[PDB]
file data20.txt (compact mmCIF, C-alpha atoms and all ligand atoms)
# COMPACT_ATOMS: atom_id res chain seq x y z
CA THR A 2 0.00 0.00 0.00
CA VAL A 3 1.36 3.51 0.54
CA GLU A 4 4.29 3.48 2.97
CA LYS A 5 3.39 6.73 4.79
CA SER A 6 0.65 9.33 4.51
CA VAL A 7 -1.01 12.08 6.51
CA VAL A 8 -4.53 11.10 7.55
CA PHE A 9 -5.61 14.37 9.20
CA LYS A 10 -3.58 17.54 8.74
CA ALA A 11 -3.27 19.94 11.66
CA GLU A 12 -4.64 23.31 10.48
CA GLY A 13 -5.41 21.79 7.09
CA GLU A 14 -8.87 20.17 7.40
CA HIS A 15 -12.34 21.70 7.09
CA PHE A 16 -15.35 19.80 8.42
CA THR A 17 -19.05 20.60 8.15
CA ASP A 18 -21.67 20.13 10.82
CA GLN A 19 -24.91 18.15 10.56
CA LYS A 20 -26.57 21.11 8.82
CA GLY A 21 -23.87 21.42 6.17
CA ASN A 22 -22.32 24.53 7.73
CA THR A 23 -18.55 24.66 7.99
CA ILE A 24 -17.08 24.27 11.47
CA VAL A 25 -14.76 27.25 11.93
CA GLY A 26 -11.81 26.08 14.03
CA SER A 27 -8.80 28.00 15.34
CA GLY A 28 -6.42 26.71 12.69
CA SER A 29 -5.27 28.97 9.86
CA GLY A 30 -8.16 29.71 7.57
CA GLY A 31 -10.57 28.49 10.23
CA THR A 32 -9.39 24.89 9.97
CA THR A 33 -9.40 22.32 12.79
CA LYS A 34 -6.45 23.21 15.02
CA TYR A 35 -5.23 19.85 16.30
CA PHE A 36 -5.88 16.12 16.04
CA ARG A 37 -5.33 13.61 18.81
CA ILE A 38 -6.01 10.05 19.98
CA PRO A 39 -6.03 7.96 16.80
CA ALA A 40 -7.92 4.65 16.63
CA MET A 41 -7.81 2.41 13.58
CA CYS A 42 -9.83 -0.58 12.43
CA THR A 43 -9.32 -2.49 9.11
CA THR A 44 -12.21 -4.43 7.51
CA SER A 45 -12.37 -7.73 5.59
CA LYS A 46 -12.60 -5.59 2.44
CA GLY A 47 -9.18 -4.13 3.20
CA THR A 48 -10.81 -0.81 4.10
CA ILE A 49 -8.93 1.31 6.62
CA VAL A 50 -11.04 3.42 8.96
CA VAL A 51 -9.27 5.91 11.25
CA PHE A 52 -10.93 7.89 14.05
CA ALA A 53 -9.39 10.78 15.95
CA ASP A 54 -10.37 13.70 18.16
CA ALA A 55 -10.84 16.75 15.90
CA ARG A 56 -9.85 19.33 18.57
CA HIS A 57 -11.04 22.35 16.64
CA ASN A 58 -9.77 25.12 18.87
CA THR A 59 -6.87 23.83 20.99
CA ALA A 60 -5.03 20.64 21.92
CA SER A 61 -6.43 20.96 25.46
CA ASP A 62 -8.49 18.04 26.69
CA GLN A 63 -11.32 20.24 27.97
CA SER A 64 -12.17 21.95 24.70
CA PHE A 65 -14.55 21.79 21.72
CA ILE A 66 -14.07 18.35 20.08
CA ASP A 67 -15.82 16.11 17.53
CA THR A 68 -14.79 12.61 16.45
CA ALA A 69 -13.45 12.67 12.89
CA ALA A 70 -13.33 9.56 10.67
CA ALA A 71 -11.11 8.97 7.67
CA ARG A 72 -11.65 6.09 5.27
CA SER A 73 -9.18 4.69 2.72
CA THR A 74 -9.95 2.04 0.15
CA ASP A 75 -6.59 2.23 -1.63
CA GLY A 76 -4.24 1.07 1.11
CA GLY A 77 -3.87 4.41 2.86
CA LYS A 78 -2.88 6.51 -0.15
CA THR A 79 -5.95 8.73 -0.14
CA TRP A 80 -8.48 9.46 2.60
CA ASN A 81 -12.16 10.39 2.57
CA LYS A 82 -12.88 12.37 5.74
CA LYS A 83 -15.88 13.49 7.75
CA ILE A 84 -17.17 13.86 11.30
CA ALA A 85 -18.41 10.51 12.61
CA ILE A 86 -19.76 11.70 15.98
CA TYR A 87 -20.70 15.28 16.83
CA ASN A 88 -20.55 16.68 20.36
CA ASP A 89 -23.84 17.98 21.82
CA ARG A 90 -22.93 21.61 21.14
CA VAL A 91 -24.29 22.74 24.50
CA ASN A 92 -21.16 24.74 25.35
CA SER A 93 -19.12 26.20 22.46
CA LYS A 94 -15.94 26.09 24.54
CA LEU A 95 -16.26 22.74 26.28
CA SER A 96 -18.68 20.35 24.53
CA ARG A 97 -16.81 17.29 23.42
CA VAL A 98 -16.74 13.64 22.39
CA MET A 99 -13.26 12.21 22.95
CA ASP A 100 -10.75 9.35 23.20
CA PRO A 101 -11.97 6.81 20.65
CA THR A 102 -11.71 3.03 20.92
CA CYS A 103 -12.91 0.99 17.93
CA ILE A 104 -13.66 -2.62 17.16
CA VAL A 105 -14.16 -4.27 13.81
CA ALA A 106 -16.21 -7.44 14.30
CA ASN A 107 -18.62 -9.89 12.70
CA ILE A 108 -21.74 -9.66 14.83
CA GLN A 109 -24.11 -12.52 13.98
CA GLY A 110 -22.75 -12.58 10.45
CA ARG A 111 -22.69 -8.79 9.86
CA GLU A 112 -19.27 -7.15 9.69
CA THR A 113 -19.59 -4.08 11.89
CA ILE A 114 -17.31 -1.27 12.99
CA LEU A 115 -17.99 0.03 16.52
CA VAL A 116 -16.59 3.31 17.92
CA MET A 117 -16.94 4.30 21.54
CA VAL A 118 -16.15 7.79 22.87
CA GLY A 119 -16.64 9.64 26.15
CA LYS A 120 -18.95 12.66 26.10
CA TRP A 121 -18.95 15.78 28.29
CA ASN A 122 -20.50 19.24 28.02
CA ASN A 123 -19.90 21.52 31.01
CA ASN A 124 -17.05 19.91 32.94
CA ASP A 125 -14.04 22.20 32.74
CA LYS A 126 -11.65 19.97 34.71
CA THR A 127 -9.97 16.65 33.93
CA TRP A 128 -12.41 13.72 34.19
CA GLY A 129 -10.59 12.19 37.17
CA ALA A 130 -11.61 15.18 39.27
CA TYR A 131 -15.29 14.28 39.32
CA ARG A 132 -15.85 11.65 41.97
CA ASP A 133 -18.83 12.92 43.98
CA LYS A 134 -21.57 11.34 41.88
CA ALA A 135 -22.34 7.87 40.63
CA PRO A 136 -22.21 8.50 37.85
CA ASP A 137 -21.17 12.08 37.03
CA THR A 138 -24.17 13.84 35.49
CA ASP A 139 -22.14 15.59 32.79
CA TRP A 140 -20.70 12.33 31.53
CA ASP A 141 -21.83 9.72 29.08
CA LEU A 142 -20.18 7.00 27.00
CA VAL A 143 -21.62 6.70 23.50
CA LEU A 144 -21.32 3.93 20.96
CA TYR A 145 -21.75 4.32 17.20
CA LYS A 146 -21.69 1.61 14.58
CA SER A 147 -21.17 1.24 10.87
CA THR A 148 -22.59 -1.65 8.93
CA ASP A 149 -21.63 -0.31 5.48
CA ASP A 150 -17.81 -0.54 5.62
CA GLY A 151 -17.22 2.73 7.48
CA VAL A 152 -19.27 4.98 5.21
CA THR A 153 -22.05 5.94 7.63
CA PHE A 154 -22.22 5.75 11.41
CA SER A 155 -25.27 5.68 13.62
CA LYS A 156 -25.75 5.75 17.39
CA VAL A 157 -26.43 2.46 19.16
CA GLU A 158 -28.95 2.60 22.01
CA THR A 159 -27.06 0.75 24.67
CA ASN A 160 -27.43 -0.20 28.38
CA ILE A 161 -23.95 1.10 29.25
CA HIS A 162 -25.17 4.06 31.29
CA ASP A 163 -27.50 1.67 33.18
CA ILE A 164 -24.81 -0.85 34.12
CA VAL A 165 -22.54 1.93 35.32
CA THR A 166 -25.33 3.46 37.42
CA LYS A 167 -26.33 0.04 38.75
CA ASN A 168 -22.73 -0.66 39.84
CA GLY A 169 -22.90 2.46 42.01
CA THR A 170 -19.16 2.95 42.57
CA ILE A 171 -18.21 4.36 39.18
CA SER A 172 -18.18 8.11 38.52
CA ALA A 173 -17.30 7.77 34.82
CA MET A 174 -16.07 5.15 32.35
CA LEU A 175 -14.11 5.41 29.09
CA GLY A 176 -12.74 2.97 26.53
CA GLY A 177 -9.10 1.90 26.88
CA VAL A 178 -8.21 3.92 23.75
CA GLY A 179 -7.21 2.50 20.40
CA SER A 180 -8.88 -0.79 19.62
CA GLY A 181 -10.94 -3.43 21.38
CA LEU A 182 -11.45 -6.99 20.17
CA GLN A 183 -13.79 -9.81 19.28
CA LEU A 184 -13.02 -13.02 21.16
CA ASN A 185 -12.81 -16.46 19.61
CA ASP A 186 -16.26 -17.21 20.94
CA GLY A 187 -17.62 -14.14 19.16
CA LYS A 188 -17.99 -11.81 22.16
CA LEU A 189 -17.17 -8.14 21.69
CA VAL A 190 -14.80 -6.77 24.30
CA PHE A 191 -13.90 -3.13 24.95
CA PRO A 192 -11.11 -2.59 27.45
CA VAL A 193 -12.20 0.23 29.81
CA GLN A 194 -10.84 2.74 32.29
CA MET A 195 -12.96 3.92 35.20
CA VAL A 196 -12.87 6.66 37.78
CA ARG A 197 -14.31 5.35 41.05
CA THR A 198 -16.44 7.34 43.47
CA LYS A 199 -14.80 9.34 46.27
CA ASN A 200 -15.35 6.62 48.87
CA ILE A 201 -13.38 3.94 46.99
CA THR A 202 -9.67 4.08 47.91
CA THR A 203 -8.43 3.39 44.39
CA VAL A 204 -9.22 6.37 42.16
CA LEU A 205 -8.83 4.47 38.87
CA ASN A 206 -9.36 0.89 37.79
CA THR A 207 -9.21 -1.04 34.56
CA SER A 208 -11.63 -3.72 33.41
CA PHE A 209 -13.64 -4.39 30.26
CA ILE A 210 -17.22 -4.58 29.08
CA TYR A 211 -18.46 -7.37 26.85
CA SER A 212 -21.43 -8.05 24.62
CA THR A 213 -22.73 -10.61 22.14
CA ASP A 214 -24.84 -8.24 20.05
CA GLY A 215 -23.19 -4.85 20.61
CA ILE A 216 -26.38 -3.55 22.27
CA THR A 217 -26.55 -5.18 25.70
CA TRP A 218 -23.27 -4.91 27.63
CA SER A 219 -21.97 -6.40 30.86
CA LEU A 220 -19.29 -5.51 33.39
CA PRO A 221 -17.47 -8.32 35.15
CA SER A 222 -17.44 -8.39 38.98
CA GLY A 223 -13.76 -7.73 39.53
CA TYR A 224 -11.43 -4.81 38.86
CA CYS A 225 -7.81 -4.62 37.76
CA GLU A 226 -5.44 -2.04 39.29
CA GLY A 227 -5.64 1.29 37.48
CA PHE A 228 -2.16 2.74 37.02
CA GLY A 229 -2.39 5.15 34.05
CA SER A 230 -5.65 3.37 33.12
CA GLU A 231 -5.44 3.53 29.31
CA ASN A 232 -5.09 -0.08 28.20
CA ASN A 233 -5.65 -2.72 25.52
CA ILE A 234 -6.62 -6.37 25.98
CA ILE A 235 -5.52 -9.40 23.97
CA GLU A 236 -6.87 -12.95 24.08
CA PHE A 237 -4.25 -15.58 24.90
CA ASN A 238 -5.49 -19.16 25.25
CA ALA A 239 -8.14 -19.17 27.98
CA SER A 240 -7.11 -15.76 29.29
CA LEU A 241 -7.61 -12.09 28.66
CA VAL A 242 -4.43 -10.11 29.18
CA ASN A 243 -4.23 -6.32 29.36
CA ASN A 244 -1.37 -3.91 28.70
CA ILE A 245 -1.68 -0.73 30.76
CA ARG A 246 -0.22 2.76 30.66
CA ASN A 247 1.90 3.65 33.69
CA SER A 248 4.43 6.38 34.46
CA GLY A 249 7.61 4.41 33.85
CA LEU A 250 7.21 0.71 33.10
CA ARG A 251 3.96 -0.55 31.54
CA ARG A 252 1.92 -3.07 33.48
CA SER A 253 0.26 -6.25 32.21
CA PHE A 254 -2.24 -8.45 34.02
CA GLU A 255 -4.10 -11.62 33.13
CA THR A 256 -7.56 -12.93 33.98
CA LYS A 257 -8.30 -16.64 33.81
CA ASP A 258 -11.83 -16.27 35.22
CA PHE A 259 -13.24 -13.65 32.84
CA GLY A 260 -12.67 -10.49 34.87
CA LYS A 261 -13.16 -11.76 38.42
CA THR A 262 -9.50 -11.71 39.52
CA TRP A 263 -6.33 -10.45 37.78
CA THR A 264 -2.69 -11.44 38.33
CA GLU A 265 0.55 -10.10 36.83
CA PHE A 266 1.36 -11.46 33.36
CA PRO A 267 5.16 -11.95 33.35
CA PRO A 268 5.71 -12.05 29.55
CA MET A 269 4.60 -8.40 29.17
CA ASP A 270 4.62 -6.98 32.69
CA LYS A 271 7.23 -4.22 33.15
CA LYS A 272 8.86 -4.94 29.76
CA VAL A 273 8.55 -1.54 28.05
CA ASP A 274 9.51 1.79 29.62
CA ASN A 275 7.57 4.93 28.61
CA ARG A 276 9.23 7.01 31.29
CA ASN A 277 7.71 10.13 32.83
CA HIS A 278 3.91 10.39 32.84
CA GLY A 279 3.49 7.31 30.66
CA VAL A 280 1.60 7.19 27.34
CA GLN A 281 -1.20 5.25 25.77
CA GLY A 282 0.04 2.22 23.83
CA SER A 283 -1.51 -0.20 21.33
CA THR A 284 -1.18 -3.95 21.86
CA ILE A 285 -2.51 -6.61 19.53
CA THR A 286 -1.80 -10.27 18.73
CA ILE A 287 -0.53 -11.64 15.43
CA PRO A 288 -0.83 -15.37 14.67
CA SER A 289 2.22 -17.34 13.47
CA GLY A 290 1.63 -21.00 12.82
CA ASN A 291 -0.41 -22.28 15.73
CA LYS A 292 1.16 -19.76 18.10
CA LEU A 293 0.64 -16.09 18.99
CA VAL A 294 2.95 -13.07 19.15
CA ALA A 295 2.05 -9.68 20.64
CA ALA A 296 2.88 -6.50 18.70
CA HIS A 297 2.97 -3.25 20.67
CA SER A 298 3.44 0.44 20.00
CA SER A 299 4.26 3.22 22.47
CA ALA A 300 6.77 6.04 22.91
CA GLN A 301 10.31 5.64 24.20
CA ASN A 302 10.07 9.22 25.55
CA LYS A 303 13.78 9.97 25.41
CA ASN A 304 13.27 13.45 26.92
CA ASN A 305 11.49 11.93 29.91
CA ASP A 306 8.59 14.39 29.63
CA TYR A 307 5.39 15.24 27.73
CA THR A 308 7.17 15.30 24.35
CA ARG A 309 6.97 11.48 24.20
CA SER A 310 9.58 11.02 21.48
CA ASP A 311 10.24 7.94 19.40
CA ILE A 312 6.95 6.11 18.95
CA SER A 313 8.10 2.54 18.47
CA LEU A 314 6.96 -0.95 17.50
CA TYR A 315 7.88 -3.83 19.81
CA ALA A 316 7.39 -7.58 19.59
CA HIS A 317 6.53 -9.48 22.75
CA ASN A 318 7.34 -13.17 22.96
CA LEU A 319 4.34 -14.44 24.93
CA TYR A 320 6.13 -17.71 25.69
CA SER A 321 9.64 -16.70 26.70
CA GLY A 322 8.88 -13.15 27.81
CA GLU A 323 11.49 -11.67 25.48
CA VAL A 324 10.88 -8.17 24.07
CA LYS A 325 12.50 -6.66 20.99
CA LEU A 326 12.32 -3.22 19.41
CA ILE A 327 11.30 -3.84 15.81
CA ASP A 328 11.06 -0.31 14.43
CA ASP A 329 11.19 3.24 15.82
CA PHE A 330 8.66 4.43 13.24
CA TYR A 331 8.36 8.00 14.52
CA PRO A 332 11.87 8.77 15.83
CA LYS A 333 11.01 12.36 16.56
CA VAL A 334 10.34 14.52 19.59
CA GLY A 335 6.62 15.19 19.75
CA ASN A 336 4.66 18.34 20.53
CA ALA A 337 4.30 18.66 24.33
CA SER A 338 0.79 20.06 23.73
CA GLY A 339 -0.28 16.47 23.01
CA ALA A 340 1.81 13.69 21.54
CA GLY A 341 2.79 10.05 21.49
CA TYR A 342 -0.45 8.13 20.94
CA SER A 343 -0.78 5.33 18.38
CA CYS A 344 -2.89 2.47 17.13
CA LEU A 345 -1.85 -0.73 15.37
CA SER A 346 -4.07 -2.79 13.09
CA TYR A 347 -3.27 -6.25 11.81
CA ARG A 348 -5.41 -8.19 9.40
CA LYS A 349 -5.12 -11.24 7.19
CA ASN A 350 -7.66 -11.04 4.38
CA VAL A 351 -7.66 -14.32 2.47
CA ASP A 352 -3.89 -14.63 2.05
CA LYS A 353 -2.88 -10.96 2.38
CA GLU A 354 -1.41 -9.83 5.70
CA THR A 355 -1.16 -6.17 6.61
CA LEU A 356 0.21 -4.39 9.66
CA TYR A 357 -0.62 -0.68 9.82
CA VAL A 358 -0.08 2.06 12.44
CA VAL A 359 -1.64 5.44 12.88
CA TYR A 360 0.01 7.92 15.29
CA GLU A 361 0.27 11.50 16.53
CA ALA A 362 2.69 13.72 14.65
CA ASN A 363 2.83 17.35 15.77
CA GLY A 364 -0.93 17.87 15.73
CA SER A 365 -1.53 15.70 12.65
CA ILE A 366 -2.34 12.00 12.43
CA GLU A 367 0.04 10.00 10.25
CA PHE A 368 -0.30 6.51 8.79
CA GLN A 369 2.45 3.99 8.00
CA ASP A 370 2.35 0.53 6.48
CA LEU A 371 4.55 -1.65 8.69
CA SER A 372 3.87 -4.90 6.84
CA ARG A 373 7.52 -5.37 5.88
CA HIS A 374 8.12 -6.06 9.56
CA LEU A 375 5.76 -9.04 9.79
CA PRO A 376 8.34 -11.78 9.18
CA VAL A 377 10.46 -10.49 12.06
CA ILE A 378 7.52 -10.09 14.41
CA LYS A 379 6.08 -13.50 13.50
CA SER A 380 9.36 -15.25 14.31
CA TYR A 381 9.20 -14.01 17.92
CA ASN A 382 7.63 -17.10 19.50
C1 LIG B 1 -10.76 11.98 28.88
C2 LIG B 1 -9.37 12.60 28.96
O1 LIG B 1 -9.10 13.50 29.74
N1 LIG B 1 -8.44 12.02 28.20
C3 LIG B 1 -7.08 12.54 28.17
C4 LIG B 1 -6.14 11.88 29.19
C5 LIG B 1 -6.54 11.97 30.65
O2 LIG B 1 -6.73 13.31 31.00
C6 LIG B 1 -5.41 11.29 31.50
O3 LIG B 1 -5.30 9.93 31.11
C7 LIG B 1 -5.75 11.39 32.98
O4 LIG B 1 -6.98 10.72 33.22
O5 LIG B 1 -4.83 12.50 29.04
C8 LIG B 1 -4.20 12.28 27.80
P1 LIG B 1 -2.54 12.88 27.86
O6 LIG B 1 -2.68 14.36 28.33
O7 LIG B 1 -1.76 11.99 28.78
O8 LIG B 1 -1.92 13.02 26.56
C9 LIG B 1 -5.06 12.79 26.64
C10 LIG B 1 -6.51 12.25 26.75
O9 LIG B 1 -7.35 12.86 25.77
K K B 2 -4.48 14.86 30.56
call {"tool": "encode", "arguments": {"input": "data20.txt", "output": "C-alpha cells", "more": "lines below"}}
Ligand SMILES: CC(=O)N[C@H]1[C@H]([C@H](O)[C@H](O)CO)O[C@H](P(=O)(O)O)C[C@@H]1O
Ligand SMILES: [K+]
result
Amino acid sequence: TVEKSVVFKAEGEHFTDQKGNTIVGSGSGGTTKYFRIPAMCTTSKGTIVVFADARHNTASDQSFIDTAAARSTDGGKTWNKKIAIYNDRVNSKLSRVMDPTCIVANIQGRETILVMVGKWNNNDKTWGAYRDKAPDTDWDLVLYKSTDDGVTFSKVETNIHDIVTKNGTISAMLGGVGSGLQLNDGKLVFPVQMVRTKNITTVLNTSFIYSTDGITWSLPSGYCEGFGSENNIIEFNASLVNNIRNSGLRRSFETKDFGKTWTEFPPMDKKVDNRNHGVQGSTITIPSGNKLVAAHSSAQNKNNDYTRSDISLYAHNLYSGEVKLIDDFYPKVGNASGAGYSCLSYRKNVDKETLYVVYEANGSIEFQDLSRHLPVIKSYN
C-alpha cells in the first residue's frame, strides 16, 4: 500500500456540521487546530477506517471536540474524511466527544465497525476530578456503529449508562483507547478505564465490558489495578491479558476467570519503559503457525517528559517473555501540547497480511504501512 501518509492535517482540514455549515476552528483559515487520539480498524474488504479527536480550537483536553473519521480504500494513499460523531454543542468552549476506541467485528454474520467515545459538556476539569456522583451527570459514554464498511455511522442505544449506574461505585467510564477486540467465541470486548467514586480508595481501575450483540453490555465483577488506566486487551489461550499505561514501566495483568480476579502477566509486565507520565500504547496479537505473538506500539520518551519522542513498535514473545524493538517508526520529539499516541491494526484477508499504524505527529495523524516487519515479528515465538 502507501508506505506513509497524513490522515488528518493539523490546520489543514475543514469539516461541516450536521446542517452542512462549515465548522470554523482555530487553525489557519478556520481549519481544525489539532488532532489527537487515533484509533484504527481495518475491515475484511481491506478498508482502513481511522478515528481521531478533531480538537477544533486547541489541543487541550477540555475543549470543543468532535470525532473525525477517515476512510481509505486504496491502502492508505488517499483518505475520505468526515465527522463521525458530533458533540452535543451545549457549550461552544467545552462540549466534546473524545478518546476513541474501535472494534471491527462480525456480529451474527454482519461485519460491523464500533466506535466508543466519552462525552462531556460543562465539565471544565480533567475527568478524574469528578468523583462525587455515581455516575457524574455531565458524563456519558456513546457507541456508534457502521454496517456499510465505514461509510455511515449511527448511534447504538445501549445499556452502558445503566450498568454503570447500577454498579454504584463508578463516577465515569471510558474505553481503553485504540482498539478493542472480538473473542474467539464471538464476544465483543472493549477494554475500559474507570474513575471510582470518592469513597473507593483506588481512584482508577481497569476492566472491560463485553457483549454478544453490541447492544446489551456487561461488566465483570472484579477490577484490575488502574495505574495510568489507558489499556488494551488481547486474548491468549483461555485468558484475557491487558497492557496498561503507567508512568515508567507498563503493566500487564491476566484474567483466567473472565474479569473476576487479575494477576501479573510476566511475559509483558514491566517490559517496556515509557518514562515520565506514561503514554497510551496499542497492543494486539498476530498469529504465526499455531502460536501467537504480541505487537505493541508506544513512545520511548527519550526526553522523559510530555514530548513522548520515538513512537516505536515492539514484539513481545508471549512464551519466553522476550521483548525486541522492531522499528522506531516516529523517531522524533513530539509536541508537548499532546503527543505520542498510536494504534496498530493487523489483518489477514484471504492470504494478504497487513500491519498498519496510525500515530500523533505534531498535531496531525500519520499513517504507515509496517507490513515489511511481519516476518520479524512472526518469528518471535
Ligand atoms: C478523557 C481525557 O481527559 N483524556 C485525556 C487523558 C486523561 O486526561 C489522562 O489519562 C488522565 O486521566 O490524558 C491524555 P494525555 O494528556 O496523557 O496526553 C489525553 C486524553 O485525551
Ligand atoms: K491529561
call {"tool": "residues_near_ligand", "arguments": {"input": "data20.txt", "ligand": "ligand LIG 1 (chain B)", "cutoff": "6 Å", "atoms": "all atoms listed in the file", "output": "list in words"}}
result
residues 62, 100, 127, 128, 129 and 339 of chain A
call {"tool": "closest_residue", "arguments": {"input": "data20.txt", "among": "A:252, A:10, A:37, A:325", "to": "ligand K 2 (chain B)", "atoms": "all atoms listed in the file"}}
result
A:37
call {"tool": "closest_residue", "arguments": {"input": "data20.txt", "among": "A:307, A:331, A:263, A:52", "to": "ligand K 2 (chain B)", "atoms": "only C-alpha atoms and all ligand atoms"}}
result
A:307
call {"tool": "closest_residue", "arguments": {"input": "data20.txt", "among": "A:102, A:298, A:44, A:123", "to": "residue 64 in chain A", "atoms": "only C-alpha atoms"}}
result
A:123
call {"tool": "residues_around", "arguments": {"input": "data20.txt", "residues": "residue 292 in chain A", "least_positions_apart": "6", "cutoff": "10 Å", "atoms": "all atoms listed in the file", "output": "number ranges by chain"}}
result
A: 237-238, 286, 319-320, 379, 381-382
call {"tool": "residues_around", "arguments": {"input": "data20.txt", "residues": "residue 140 in chain A", "least_positions_apart": "4", "cutoff": "8 Å", "atoms": "all atoms listed in the file", "output": "ChimeraX atom specification"}}
result
/A:119-122,136,173
call {"tool": "residues_around", "arguments": {"input": "data20.txt", "residues": "residue 46 in chain A", "least_positions_apart": "5", "cutoff": "12 Å", "atoms": "all atoms listed in the file", "output": "short mmCIF file (atom, residue, chain, number, x, y, z; two decimals) with C-alpha atoms, in the frame of the given file"}}
result
data_model
loop_
_atom_site.label_atom_id
_atom_site.label_comp_id
_atom_site.auth_asym_id
_atom_site.auth_seq_id
_atom_site.Cartn_x
_atom_site.Cartn_y
_atom_site.Cartn_z
CA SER A 73 -9.18 4.69 2.72
CA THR A 74 -9.95 2.04 0.15
CA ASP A 75 -6.59 2.23 -1.63
CA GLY A 76 -4.24 1.07 1.11
CA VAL A 105 -14.16 -4.27 13.81
CA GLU A 112 -19.27 -7.15 9.69
CA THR A 113 -19.59 -4.08 11.89
CA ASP A 149 -21.63 -0.31 5.48
CA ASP A 150 -17.81 -0.54 5.62
CA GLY A 151 -17.22 2.73 7.48
CA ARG A 348 -5.41 -8.19 9.40
CA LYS A 349 -5.12 -11.24 7.19
CA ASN A 350 -7.66 -11.04 4.38
CA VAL A 351 -7.66 -14.32 2.47
CA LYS A 353 -2.88 -10.96 2.38
#
call {"tool": "closest_residue", "arguments": {"input": "data20.txt", "among": "A:60, A:182, A:116, A:50", "to": "residue 152 in chain A", "atoms": "all atoms listed in the file"}}
result
A:50
call {"tool": "closest_residue", "arguments": {"input": "data20.txt", "among": "A:234, A:38, A:25, A:99", "to": "residue 361 in chain A", "atoms": "only C-alpha atoms"}}
result
A:38
call {"tool": "residues_near_point", "arguments": {"input": "data20.txt", "point": "(-11.2, -2.5, 21.4)", "cutoff": "8 Å", "atoms": "only C-alpha atoms", "output": "compact mmCIF listing (two decimals) with C-alpha atoms, in the frame of the given file"}}
result
# COMPACT_ATOMS: atom_id res chain seq x y z
CA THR A 102 -11.71 3.03 20.92
CA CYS A 103 -12.91 0.99 17.93
CA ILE A 104 -13.66 -2.62 17.16
CA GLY A 176 -12.74 2.97 26.53
CA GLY A 177 -9.10 1.90 26.88
CA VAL A 178 -8.21 3.92 23.75
CA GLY A 179 -7.21 2.50 20.40
CA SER A 180 -8.88 -0.79 19.62
CA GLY A 181 -10.94 -3.43 21.38
CA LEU A 182 -11.45 -6.99 20.17
CA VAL A 190 -14.80 -6.77 24.30
CA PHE A 191 -13.90 -3.13 24.95
CA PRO A 192 -11.11 -2.59 27.45
CA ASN A 233 -5.65 -2.72 25.52
CA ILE A 234 -6.62 -6.37 25.98
